[PDB]
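In what follows, a structure is listed as structure tokens, so that the remarks can point back to it.
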Amino acid sequence: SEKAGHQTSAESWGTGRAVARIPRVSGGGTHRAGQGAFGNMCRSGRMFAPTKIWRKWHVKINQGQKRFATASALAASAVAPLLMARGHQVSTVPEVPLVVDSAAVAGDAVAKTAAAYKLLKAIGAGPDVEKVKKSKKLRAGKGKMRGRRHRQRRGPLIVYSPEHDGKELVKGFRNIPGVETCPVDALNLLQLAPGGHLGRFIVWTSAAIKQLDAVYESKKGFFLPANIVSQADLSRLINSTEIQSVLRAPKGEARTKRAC
Amino acid sequence: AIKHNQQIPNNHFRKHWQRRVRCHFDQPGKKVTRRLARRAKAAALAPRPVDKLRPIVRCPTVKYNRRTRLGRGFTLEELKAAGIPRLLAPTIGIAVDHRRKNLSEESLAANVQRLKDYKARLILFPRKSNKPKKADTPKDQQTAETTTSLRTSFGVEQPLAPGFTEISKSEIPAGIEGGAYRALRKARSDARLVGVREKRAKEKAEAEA
Amino acid sequence: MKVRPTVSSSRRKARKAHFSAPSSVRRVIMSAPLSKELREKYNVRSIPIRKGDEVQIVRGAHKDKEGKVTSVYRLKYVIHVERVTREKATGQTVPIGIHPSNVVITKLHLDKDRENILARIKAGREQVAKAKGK
RNA sequence: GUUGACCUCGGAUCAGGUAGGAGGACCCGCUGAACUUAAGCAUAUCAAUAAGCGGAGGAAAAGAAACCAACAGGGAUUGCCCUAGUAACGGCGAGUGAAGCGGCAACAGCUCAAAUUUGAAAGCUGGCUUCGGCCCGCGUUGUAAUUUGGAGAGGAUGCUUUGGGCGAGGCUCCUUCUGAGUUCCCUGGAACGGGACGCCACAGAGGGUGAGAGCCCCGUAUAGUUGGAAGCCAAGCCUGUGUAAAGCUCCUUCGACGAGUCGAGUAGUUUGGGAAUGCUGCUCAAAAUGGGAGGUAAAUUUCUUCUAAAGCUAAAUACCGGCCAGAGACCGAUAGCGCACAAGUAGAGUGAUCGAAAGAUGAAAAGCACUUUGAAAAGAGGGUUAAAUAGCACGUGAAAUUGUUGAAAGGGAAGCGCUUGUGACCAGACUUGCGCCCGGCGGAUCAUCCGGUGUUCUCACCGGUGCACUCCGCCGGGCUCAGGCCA
RNA sequence: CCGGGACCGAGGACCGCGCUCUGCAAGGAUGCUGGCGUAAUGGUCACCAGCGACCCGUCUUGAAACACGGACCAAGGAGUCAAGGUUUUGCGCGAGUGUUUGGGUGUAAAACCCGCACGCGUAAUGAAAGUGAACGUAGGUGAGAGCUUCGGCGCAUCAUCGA
RNA sequence: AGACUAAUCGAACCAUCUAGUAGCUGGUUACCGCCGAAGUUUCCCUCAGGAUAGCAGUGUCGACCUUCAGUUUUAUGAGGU
RNA sequence: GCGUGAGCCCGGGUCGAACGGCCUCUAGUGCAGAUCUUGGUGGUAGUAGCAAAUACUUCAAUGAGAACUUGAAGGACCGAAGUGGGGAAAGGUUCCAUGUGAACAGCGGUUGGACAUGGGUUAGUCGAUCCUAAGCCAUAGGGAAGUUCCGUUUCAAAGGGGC
RNA sequence: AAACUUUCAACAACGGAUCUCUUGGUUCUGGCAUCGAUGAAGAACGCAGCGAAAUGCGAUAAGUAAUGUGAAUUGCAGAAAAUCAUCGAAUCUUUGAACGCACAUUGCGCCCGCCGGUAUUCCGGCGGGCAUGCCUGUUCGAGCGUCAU
Ligand SMILES: [Mg+2]
Ligand SMILES: [Mg+2]
Ligand SMILES: [Mg+2]
Ligand SMILES: [Mg+2]
Ligand SMILES: [Mg+2]
Ligand SMILES: [Mg+2]
Ligand SMILES: [Mg+2]
Ligand SMILES: [Mg+2]
Ligand SMILES: [Mg+2]
Ligand SMILES: [Mg+2]
Ligand SMILES: [Mg+2]
Ligand SMILES: [Mg+2]
Ligand SMILES: [Mg+2]
Ligand SMILES: [Mg+2]
Ligand SMILES: [Mg+2]
Ligand SMILES: [Mg+2]
Ligand SMILES: [Mg+2]
Ligand SMILES: [Mg+2]
Ligand SMILES: [Mg+2]
Ligand SMILES: [Mg+2]
Ligand SMILES: [Mg+2]
Ligand SMILES: [Mg+2]
Ligand SMILES: [Mg+2]
Ligand SMILES: [Mg+2]
Ligand SMILES: [Mg+2]
Ligand SMILES: [Mg+2]
Ligand SMILES: [Mg+2]
Ligand SMILES: [Mg+2]
Ligand SMILES: [Mg+2]
Ligand SMILES: [Mg+2]
Ligand SMILES: [Mg+2]
Ligand SMILES: [Mg+2]
Ligand SMILES: [Mg+2]
Ligand SMILES: [Mg+2]
Ligand SMILES: [Mg+2]
Ligand SMILES: [Mg+2]
Ligand SMILES: [Mg+2]
Ligand SMILES: [Mg+2]
Ligand SMILES: [Mg+2]
Ligand SMILES: [Mg+2]
Ligand SMILES: [Mg+2]
Ligand SMILES: [Mg+2]
Ligand SMILES: [Mg+2]
Ligand SMILES: [Mg+2]
Ligand SMILES: [Mg+2]
Ligand SMILES: [Mg+2]
Ligand SMILES: [Mg+2]
Ligand SMILES: [Mg+2]
Ligand SMILES: [Mg+2]
Ligand SMILES: [Mg+2]
Ligand SMILES: [Mg+2]
Ligand SMILES: [Mg+2]
Ligand SMILES: [Mg+2]
Ligand SMILES: [Mg+2]
Ligand SMILES: [Mg+2]
Ligand SMILES: [Mg+2]
Ligand SMILES: [Mg+2]
Ligand SMILES: [Mg+2]
Ligand SMILES: [Mg+2]
Ligand SMILES: [Mg+2]
Ligand SMILES: [Mg+2]
Ligand SMILES: [Mg+2]
Ligand SMILES: [Mg+2]
Ligand SMILES: [Mg+2]
Ligand SMILES: [Mg+2]
Ligand SMILES: [Mg+2]
Ligand SMILES: [Mg+2]
Ligand SMILES: [Mg+2]
Ligand SMILES: [Mg+2]
Ligand SMILES: [Mg+2]
Ligand SMILES: [Mg+2]
Ligand SMILES: [Mg+2]
Ligand SMILES: [Mg+2]
Ligand SMILES: [Mg+2]
Ligand SMILES: [Mg+2]
Ligand SMILES: [Mg+2]
Ligand SMILES: [Mg+2]
Ligand SMILES: [Mg+2]
Ligand SMILES: [Mg+2]
Ligand SMILES: [Mg+2]
Ligand SMILES: [Mg+2]
Ligand SMILES: [Mg+2]
Ligand SMILES: [Mg+2]
Ligand SMILES: [Mg+2]
Ligand SMILES: [Mg+2]
Ligand SMILES: [Mg+2]
Ligand SMILES: [Mg+2]
Ligand SMILES: [Mg+2]
Ligand SMILES: [Mg+2]
Ligand SMILES: [Mg+2]
Ligand SMILES: [Mg+2]
Ligand SMILES: [Mg+2]
Ligand SMILES: [Mg+2]
Ligand SMILES: [Mg+2]
Ligand SMILES: [Mg+2]
Ligand SMILES: [Mg+2]
Ligand SMILES: [Mg+2]
Ligand SMILES: [Mg+2]
Ligand SMILES: [Mg+2]
Ligand SMILES: [Mg+2]
Ligand SMILES: [Mg+2]
Ligand SMILES: [Mg+2]
Ligand SMILES: [Mg+2]
Ligand SMILES: [Mg+2]
Ligand SMILES: [Mg+2]
Ligand SMILES: [Mg+2]
Ligand SMILES: [Mg+2]
Ligand SMILES: [Mg+2]
Ligand SMILES: [Mg+2]
Ligand SMILES: [Mg+2]
Ligand SMILES: [Mg+2]
Ligand SMILES: [Mg+2]
Ligand SMILES: [Mg+2]
Ligand SMILES: [Mg+2]
Ligand SMILES: [Mg+2]
Ligand SMILES: [Mg+2]
């Protein structure tokens, strides 16, 4: 509150009364009289530098950088080691860029949670869904008083084409814990890299996979970035003939014997 | 107290600025409210477009002289030339501006053609369905794909003139005789010296008597 | 997950409403399930408990005890069951407060009002089932 | 001559009405500081702010140009972005500081004075009235119709225009109704915990229930539905009718347009407004293509742009003051509002005013019957509870400080560092593990071969074979190797 | 050249210098033996003993000060936030760059998408009217990393003479 | 008598402006590692304070160029203690 | 037990419902001081002290308990400008009866202006009420932006008697 | 050697820190526009079977009517719903802008009507009225201000 700690008429007593020069509540007949009133070190006083609403709560991010981050997260989602390192259960997933026929989700095919659950189990997201189900815990903080009562892991993210698949699949997948859906044309970085960690497990539909290229071609002012390296296999580069044939002979070994 | 090589500070915070800080945490909520109001007014104007027809207008100053935009309303002369009565124009979605004038045939003709296209595309339902008049759409061409946004369907087609154009050689115009730079210098000098030359000429003319 | 703007998921508000609800709202709050036989008979799952109902306790230290509801202390959100009692130091017998959600109704006190209730619930449930089965 | 008019001015507890106060977060005005900054201080700044006064609403205010401009011209008001920390102001110091254009949100236009209805005050308040009208009064010192500069008035001219009633159907509103375990086992006082087996999910938001409950209960999702009131919109229908009124196309002519007002001087204040931006006081005091403005004072000559001195008007904008509602990377009883509680309370002051402290037994009072000692408070037994060292001085229960018990030291402080000693009390390490021979027991693969799969394509696995001078394991004996502490 | 004593044993296959060369005292300790295998070693605490040891914080040239504050304990308690500026990090795009005033859209304060204008930059200079940037392969000289066909080509940058 | 004006008088009390300003006093909260000062110059109504240069840290970059030096030697000037 | 250290981990006891590690994000994030704030608690310390107003004593009753309860007796003081009997202001139930654990009566307490439960204030003649005083507030008017100021009979058409 | 002081430990005190909790704050966002002479806000005094306060209410007083729900309230007692929700009908003490004049007084008046005491006049009981500024209208008036007979 703007007026917290200031709703008093306290004045300092000055020196010469053997008390500190802090402002003191005037009057009598109550415990409050004669007590320090205004400083940050005083009980019932004003906090130091009271928090203001005009703090910079939001962060402006370049749209180009947002689109790079989204593209990088999408690329990381296609790497199986990254999914496991992010904690997804993908040992039974048939293929890392997991694509399910849009005929299995289109219209009212998975409009019911039972049907959606059966489809996820069939395609191999069942272990991840069960991991989310079993991970539910009570929060350790004071967020229990503030509405964040339970914590749980993230599950598969279902990406679909709303133009071709409809939106009944959203209702079908809504109630399964840890499973969230996103239209292919509105991909969210907060979901593609939860907590800033890359490798979200994604279940695509065939229509969404078909539409992804057009989605990225329709972005005005953005082109997919060119990497600063061409070959990421450092072992291949270093142990290729082109490099190894011009090196000088090694001047030592991994271990050096002690001479003196 | 400056201490190094600093730009001289001039932050106007010597009043009690905190008393008048305007944050904007209500930006998304206000956008939602605006969208709701737009939807409600569009529903109220059920078959009509949500806006009025506006004329093409040239921005005033020597800056922005090159660009056109939408104006407030059509002039009385433009309405008369298009054949739309003054009292009938605002009741069929046409904005009327009584204080704008048509100083140029180009603007007059452009706005008249705009009004004529709008009138050609207008579908006028009868006041009473059971007795349509001769000025209303006769119930057969009353079904068509309509537009609800005149600002988009009747926008400024090209605010600026085309910046690129190709002409064949030997059609290249001959330059100003003394050159463009000299011509500008001469025009400037004449504008500067118009008054002095005038007074000198009249003085020399009257010197005889 | 809640969607409707009129619904609030505030723990503080929910607790305040529950613990300051008026008597008529506390009546609905203190509902109890019907037995399997009554549920099959009436096509009704739960009903607000009433004095004179016959219940069986299915939770707590007094499980399997049956008896008639002798009082519905809304102010304390409890019911009193016949012969489900305790002894003070003086040996005087006092009833033990049982939450209605910890009991099942084995026999209902039925009068037209208590029944218009059951008919409304049955008709609503049957209609909802039919509409979902369309 | 008196009465009778009308002109002013009065009476009445005459008939009917209206205003005050509250609220004042936001809004419209008036009035109006100083602290402060200038490293002093007076102009300046704080600030056209605080305090004081008057007046409204859900918004207020502003508002349809006596505008901006100088362009190829824009076109009521308001607000956001930008213009722009710019033009400018300023002991030209400190510091201050707009506007036009441009993009957007929202868009809405209008009515009076100034004219003769003059072939008919055609207008209005009040009372009575069957509803047709009547009467009084207001009003000609002007109430209606027409007209508002975008014009209009007057004429031509031929076209064109209009009033009422339903109304399916839809959107609202109130109301009835909503899926699934309390199945088995263990812990527990109590499962809402763990394990097993199931179910619902457009509902796995939230809360309660004796501990972390989608399926025990309230609720939660979804469009539906039961009954009802009738609030809105509305496709389309039904039906009057041109005396009257209304628009357009042309036109000689006419074409009313706001005065102690504009403007000027001076004074004060204010502004970025600078030979004077607005406002106000005083003095002077207009005109009719006149007048204002065109950011340098003046005369002269042009040009541009509007048309003051009368008035109304949604929206986009401010505001959490009031009434509701939803939320949070907020605080968590010295925090968060002064107030989580009979808090603006108790209490203080003559008064204006000042103004606290203070949440938690337990799932359930089951809040300790009874015996005994005591004058009593209480104690000791006993009882309740999962628990009483949870007993209304009640969850947990720190430190300061204190009592008892045990150990120790102490010839005018104590504490502390390095280093032994004594006494007390302790953590580790070890109590084996590797191999190799000689016996016993058990088993079936141990090599090889055949077939089938996999895979890193030559390396394995699985079956069939093997079948005891193999292989594996467990005991018993001997030997080897290493392995603790101090020397 | 012979003795007597003390402290220490870092490293962990070979590799090397070498010598008195079947080996060695030569690029860092091994061999043999004994007692015990537990409070024995060792740690902790209390006390005695030898030596040492002024009360902290602060201002100050100088504090143990006869300088000030501090009886004790628990909890609270002091470089924050916003705007503007600057330099240096890390990013994206790059002669451009900046979506989020606004609009569209949404699983609804999120995320996603859109563009006109505008800001900054792309040109300076003068008070202003105004004018406004190639003689050269965008110059010559000396350096200059790196390349080089080994003759010079010469980045950044510095000094210098010019346009 | 600068006396008295509610224990308050060389200008009462209450609330607010107000968290008034202070070149002045006091305080300013975990650890380790590396580097490491100044009380001097010029200007200031400057003398208990600032700016300015110096001393210090950090971050770099350049070919870290074959140069640099609180030093000696040699050769050659100046000085008035 | 680990770490140079801030600290981290474990054993035992108490206790009763939530909590932690890792990588990022975030801040109202680390106390011995500020004559710091609030609260609590010490030594001093069973210490200073409880000494103005002449003063108490005997027997009995009551009671667990009697110097400060009561009865009787004695001895004393106030000595009619009283320590007497009634009032004004002010207080508000302190008045009366009954009962009484704790707290208060700076010792005690059976007693009390304390605590608890019940009662108690009767007016034509006593006061208020009526009158006017100093004075205050209206009105008519006049000022003031206004809250309001003056005005009290003043530049006012301001009433009461009968048939 | 005790006592005393100090140190260390266990238990017991004192005190209320720590942990956990939260029908409370704080901040943001969304919807809405509704006080009063038809007497508001605020104040006082009263009202329950057993209440001091808080909450609610006004002599119809912990509330009445009406509608909805459908069996309680609860500390005890009592009885045949409810300390329920909703809320369109009422009641609404003394006050307060506060209005007969006053008020530091439960003070002092006047008018109309009714009912009693022999009563138009006095007394008593009851009910309804009596403020100011201003507007419109009504009626009664004033003025050689003025017009005709
Ligand atoms: Mg506080
Ligand atoms: Mg200030
Ligand atoms: Mg009247
Ligand atoms: Mg009146
Ligand atoms: Mg008012
Ligand atoms: Mg100053
Ligand atoms: Mg100063
Ligand atoms: Mg001064
Ligand atoms: Mg000012
Ligand atoms: Mg004010
Ligand atoms: Mg509005
Ligand atoms: Mg208005
Ligand atoms: Mg006009
Ligand atoms: Mg114009
Ligand atoms: Mg405009
Ligand atoms: Mg000026
Ligand atoms: Mg200013
Ligand atoms: Mg614009
Ligand atoms: Mg009438
Ligand atoms: Mg349900
Ligand atoms: Mg059990
Ligand atoms: Mg629970
Ligand atoms: Mg279980
Ligand atoms: Mg639950
Ligand atoms: Mg005019
Ligand atoms: Mg004037
Ligand atoms: Mg002027
Ligand atoms: Mg003037
Ligand atoms: Mg002046
Ligand atoms: Mg002024
Ligand atoms: Mg002026
Ligand atoms: Mg000019
Ligand atoms: Mg006007
Ligand atoms: Mg006007
Ligand atoms: Mg207006
Ligand atoms: Mg508090
Ligand atoms: Mg406390
Ligand atoms: Mg407080
Ligand atoms: Mg008081
Ligand atoms: Mg407690
Ligand atoms: Mg026990
Ligand atoms: Mg305990
Ligand atoms: Mg306990
Ligand atoms: Mg406790
Ligand atoms: Mg202690
Ligand atoms: Mg010593
Ligand atoms: Mg030792
Ligand atoms: Mg085999
Ligand atoms: Mg030892
Ligand atoms: Mg020692
Ligand atoms: Mg010494
Ligand atoms: Mg000194
Ligand atoms: Mg010192
Ligand atoms: Mg000394
Ligand atoms: Mg000193
Ligand atoms: Mg000092
Ligand atoms: Mg001291
Ligand atoms: Mg705390
Ligand atoms: Mg602390
Ligand atoms: Mg910054
Ligand atoms: Mg640009
Ligand atoms: Mg220029
Ligand atoms: Mg080179
Ligand atoms: Mg004197
Ligand atoms: Mg006083
Ligand atoms: Mg005095
Ligand atoms: Mg004074
Ligand atoms: Mg004061
Ligand atoms: Mg050093
Ligand atoms: Mg000077
Ligand atoms: Mg000093
Ligand atoms: Mg000499
Ligand atoms: Mg000399
Ligand atoms: Mg518990
Ligand atoms: Mg802090
Ligand atoms: Mg402390
Ligand atoms: Mg310190
Ligand atoms: Mg203290
Ligand atoms: Mg003390
Ligand atoms: Mg003594
Ligand atoms: Mg004494
Ligand atoms: Mg004595
Ligand atoms: Mg005495
Ligand atoms: Mg006795
Ligand atoms: Mg005595
Ligand atoms: Mg005497
Ligand atoms: Mg005597
Ligand atoms: Mg006398
Ligand atoms: Mg007496
Ligand atoms: Mg007396
Ligand atoms: Mg008196
Ligand atoms: Mg008495
Ligand atoms: Mg007694
Ligand atoms: Mg005593
Ligand atoms: Mg006593
Ligand atoms: Mg007593
Ligand atoms: Mg007694
Ligand atoms: Mg008493
Ligand atoms: Mg008398
Ligand atoms: Mg009287
Ligand atoms: Mg009188
Ligand atoms: Mg007066
Ligand atoms: Mg007056
Ligand atoms: Mg020690
Ligand atoms: Mg305690
Ligand atoms: Mg806590
Ligand atoms: Mg009333
Ligand atoms: Mg009255
Ligand atoms: Mg009245
Ligand atoms: Mg009196
Ligand atoms: Mg009388
Ligand atoms: Mg009579
Ligand atoms: Mg009478
Ligand atoms: Mg009366
Ligand atoms: Mg009358
Ligand atoms: Mg007369």
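By convention in this document, the chains of the structure tokens carry letters A, B, ... by their order, each chain's residues are numbered from 1, and ligands are numbered from 1 in the order they are shown.
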#### Entry: Proximal residues of chain H relative to chain C (only C-alpha atoms (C1' of nucleotides); 7 Å) as number ranges by chain
H: 23, 70, 84-85
Which residues of chain E come within 12 Å of ligand 76, and what is each one's closest atom pair and distance in Å (one decimal), counting only C-alpha atoms (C1' of nucleotides) and all ligand atoms, sorted by chain and residue number, as JSON lines?
```
{"residue": "E:70", "atom": "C1'", "partner": "ligand 76", "partner_atom_place_in_ligand_line": "1 (Mg)", "distance": 11.9}
{"residue": "E:72", "atom": "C1'", "partner": "ligand 76", "partner_atom_place_in_ligand_line": "1 (Mg)", "distance": 11.1}
{"residue": "E:73", "atom": "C1'", "partner": "ligand 76", "partner_atom_place_in_ligand_line": "1 (Mg)", "distance": 8.5}
{"residue": "E:74", "atom": "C1'", "partner": "ligand 76", "partner_atom_place_in_ligand_line": "1 (Mg)", "distance": 8.0}
{"residue": "E:75", "atom": "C1'", "partner": "ligand 76", "partner_atom_place_in_ligand_line": "1 (Mg)", "distance": 8.3}
{"residue": "E:76", "atom": "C1'", "partner": "ligand 76", "partner_atom_place_in_ligand_line": "1 (Mg)", "distance": 9.0}
{"residue": "E:77", "atom": "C1'", "partner": "ligand 76", "partner_atom_place_in_ligand_line": "1 (Mg)", "distance": 9.0}
```
Could you write out the selected residues, including N, CA, C and O atoms (P, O5', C5', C4', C3', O3' and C1' of nucleotides), as a PDB file, in the first residue's frame?
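After the write, again-v3.pdb holds the following:
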```pdb
ATOM      1  P     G E  70      24.727   3.323  24.845  1.00  0.00           P
ATOM      2  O5'   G E  70      25.132   1.797  24.661  1.00  0.00           O
ATOM      3  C5'   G E  70      24.394   0.939  23.803  1.00  0.00           C
ATOM      4  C4'   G E  70      25.059  -0.406  23.678  1.00  0.00           C
ATOM      5  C3'   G E  70      25.413  -1.090  24.986  1.00  0.00           C
ATOM      6  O3'   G E  70      24.305  -1.727  25.591  1.00  0.00           O
ATOM      7  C1'   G E  70      27.259  -1.197  23.526  1.00  0.00           C
ATOM      8  P     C E  72      25.218  -5.895  26.199  1.00  0.00           P
ATOM      9  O5'   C E  72      24.392  -7.242  26.372  1.00  0.00           O
ATOM     10  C5'   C E  72      24.910  -8.316  27.141  1.00  0.00           C
ATOM     11  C4'   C E  72      23.843  -9.330  27.453  1.00  0.00           C
ATOM     12  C3'   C E  72      23.037  -9.824  26.266  1.00  0.00           C
ATOM     13  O3'   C E  72      23.710 -10.827  25.533  1.00  0.00           O
ATOM     14  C1'   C E  72      21.582  -9.302  28.053  1.00  0.00           C
ATOM     15  P     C E  73      23.682 -10.817  23.931  1.00  0.00           P
ATOM     16  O5'   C E  73      22.345 -11.597  23.566  1.00  0.00           O
ATOM     17  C5'   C E  73      22.142 -12.931  23.998  1.00  0.00           C
ATOM     18  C4'   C E  73      20.691 -13.324  23.920  1.00  0.00           C
ATOM     19  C3'   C E  73      20.008 -13.122  22.579  1.00  0.00           C
ATOM     20  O3'   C E  73      20.284 -14.161  21.656  1.00  0.00           O
ATOM     21  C1'   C E  73      18.612 -12.323  24.315  1.00  0.00           C
ATOM     22  P     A E  74      20.188 -13.893  20.076  1.00  0.00           P
ATOM     23  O5'   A E  74      18.632 -13.977  19.750  1.00  0.00           O
ATOM     24  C5'   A E  74      17.920 -15.200  19.857  1.00  0.00           C
ATOM     25  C4'   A E  74      16.437 -14.990  19.686  1.00  0.00           C
ATOM     26  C3'   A E  74      16.011 -14.304  18.400  1.00  0.00           C
ATOM     27  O3'   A E  74      15.908 -15.212  17.320  1.00  0.00           O
ATOM     28  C1'   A E  74      14.915 -13.296  20.236  1.00  0.00           C
ATOM     29  P     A E  75      16.469 -14.822  15.871  1.00  0.00           P
ATOM     30  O5'   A E  75      15.349 -13.869  15.265  1.00  0.00           O
ATOM     31  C5'   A E  75      14.086 -14.380  14.873  1.00  0.00           C
ATOM     32  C4'   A E  75      13.057 -13.284  14.768  1.00  0.00           C
ATOM     33  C3'   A E  75      13.376 -12.149  13.809  1.00  0.00           C
ATOM     34  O3'   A E  75      13.095 -12.464  12.457  1.00  0.00           O
ATOM     35  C1'   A E  75      12.641 -11.253  15.857  1.00  0.00           C
ATOM     36  P     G E  76      13.963 -11.808  11.276  1.00  0.00           P
ATOM     37  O5'   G E  76      13.534 -10.274  11.275  1.00  0.00           O
ATOM     38  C5'   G E  76      12.262  -9.863  10.797  1.00  0.00           C
ATOM     39  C4'   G E  76      12.064  -8.379  10.963  1.00  0.00           C
ATOM     40  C3'   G E  76      13.056  -7.488  10.230  1.00  0.00           C
ATOM     41  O3'   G E  76      12.706  -7.283   8.874  1.00  0.00           O
ATOM     42  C1'   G E  76      12.830  -6.752  12.464  1.00  0.00           C
ATOM     43  P     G E  77      13.846  -7.110   7.762  1.00  0.00           P
ATOM     44  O5'   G E  77      14.680  -5.847   8.248  1.00  0.00           O
ATOM     45  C5'   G E  77      14.235  -4.524   7.990  1.00  0.00           C
ATOM     46  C4'   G E  77      15.198  -3.518   8.562  1.00  0.00           C
ATOM     47  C3'   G E  77      16.613  -3.568   8.002  1.00  0.00           C
ATOM     48  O3'   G E  77      16.764  -2.801   6.821  1.00  0.00           O
ATOM     49  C1'   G E  77      16.694  -3.552  10.363  1.00  0.00           C
TER      50        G E  77
END
```
### Task
Enumerate as a VMD selection string the residues belonging to chain A that approach chain D to within 6 Å, with only C-alpha atoms (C1' of nucleotides) taken into account.
chain A and resid 27 to 32 43 113 171 177
Expected file contents, prior selection, N, CA and C atoms, as a PDB file, in the first residue's frame:
```pdb
ATOM      1  N   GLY A  27       1.036  11.239  22.052  1.00  0.00           N
ATOM      2  CA  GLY A  27      -0.163  10.893  22.786  1.00  0.00           C
ATOM      3  C   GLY A  27       0.104  10.159  24.081  1.00  0.00           C
ATOM      4  N   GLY A  28      -0.841   9.326  24.495  1.00  0.00           N
ATOM      5  CA  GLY A  28      -0.692   8.579  25.729  1.00  0.00           C
ATOM      6  C   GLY A  28      -1.876   7.664  25.922  1.00  0.00           C
ATOM      7  N   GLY A  29      -1.842   6.934  27.033  1.00  0.00           N
ATOM      8  CA  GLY A  29      -2.930   6.042  27.369  1.00  0.00           C
ATOM      9  C   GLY A  29      -3.010   4.785  26.539  1.00  0.00           C
ATOM     10  N   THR A  30      -1.984   4.487  25.749  1.00  0.00           N
ATOM     11  CA  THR A  30      -1.977   3.297  24.915  1.00  0.00           C
ATOM     12  C   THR A  30      -0.535   2.870  24.692  1.00  0.00           C
ATOM     13  N   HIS A  31      -0.360   1.600  24.321  1.00  0.00           N
ATOM     14  CA  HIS A  31       0.983   1.076  24.098  1.00  0.00           C
ATOM     15  C   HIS A  31       1.660   1.739  22.908  1.00  0.00           C
ATOM     16  N   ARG A  32       0.878   2.252  21.959  1.00  0.00           N
ATOM     17  CA  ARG A  32       1.451   2.813  20.742  1.00  0.00           C
ATOM     18  C   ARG A  32       2.219   4.100  21.012  1.00  0.00           C
ATOM     19  N   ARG A  43       9.037  -1.472  13.930  1.00  0.00           N
ATOM     20  CA  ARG A  43       7.800  -2.236  13.877  1.00  0.00           C
ATOM     21  C   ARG A  43       6.645  -1.320  13.501  1.00  0.00           C
ATOM     22  N   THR A 113     -12.363 -38.395 -24.049  1.00  0.00           N
ATOM     23  CA  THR A 113     -11.100 -38.610 -23.356  1.00  0.00           C
ATOM     24  C   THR A 113     -10.685 -40.072 -23.381  1.00  0.00           C
ATOM     25  N   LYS A 171     -10.877 -30.882 -26.818  1.00  0.00           N
ATOM     26  CA  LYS A 171     -11.737 -31.353 -25.739  1.00  0.00           C
ATOM     27  C   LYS A 171     -11.366 -32.768 -25.328  1.00  0.00           C
ATOM     28  N   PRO A 177      -4.044 -35.548 -17.607  1.00  0.00           N
ATOM     29  CA  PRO A 177      -3.018 -34.731 -16.949  1.00  0.00           C
ATOM     30  C   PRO A 177      -1.703 -34.745 -17.713  1.00  0.00           C
TER      31      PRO A 177
END
```
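With the cut-off set to 12 Å and only C-alpha atoms (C1' of nucleotides) and all ligand atoms counted, the residues surrounding ligand 14 are residues 60, 98, 99, 100, 101, 102 and 103 of chain B; 65, 67, 68, 69, 70, 71, 73, 74, 75, 304, 305 and 306 of chain D.
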List every residue of chain D that has an atom at most 9 Å from any atom of ligand 9, and for each one report the closest atom pair and its distance in Å to one decimal, counting only C-alpha atoms (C1' of nucleotides) and all ligand atoms, with rows sorted by chain and then by increasing residue number, as a Markdown table.
```
| residue | atom | partner | partner_atom_place_in_ligand_line | distance |
| --- | --- | --- | --- | --- |
| D:45 | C1' | ligand 9 | 1 (Mg) | 8.7 |
| D:46 | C1' | ligand 9 | 1 (Mg) | 8.9 |
| D:47 | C1' | ligand 9 | 1 (Mg) | 4.4 |
| D:48 | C1' | ligand 9 | 1 (Mg) | 4.2 |
| D:49 | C1' | ligand 9 | 1 (Mg) | 8.5 |
| D:270 | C1' | ligand 9 | 1 (Mg) | 8.1 |
```
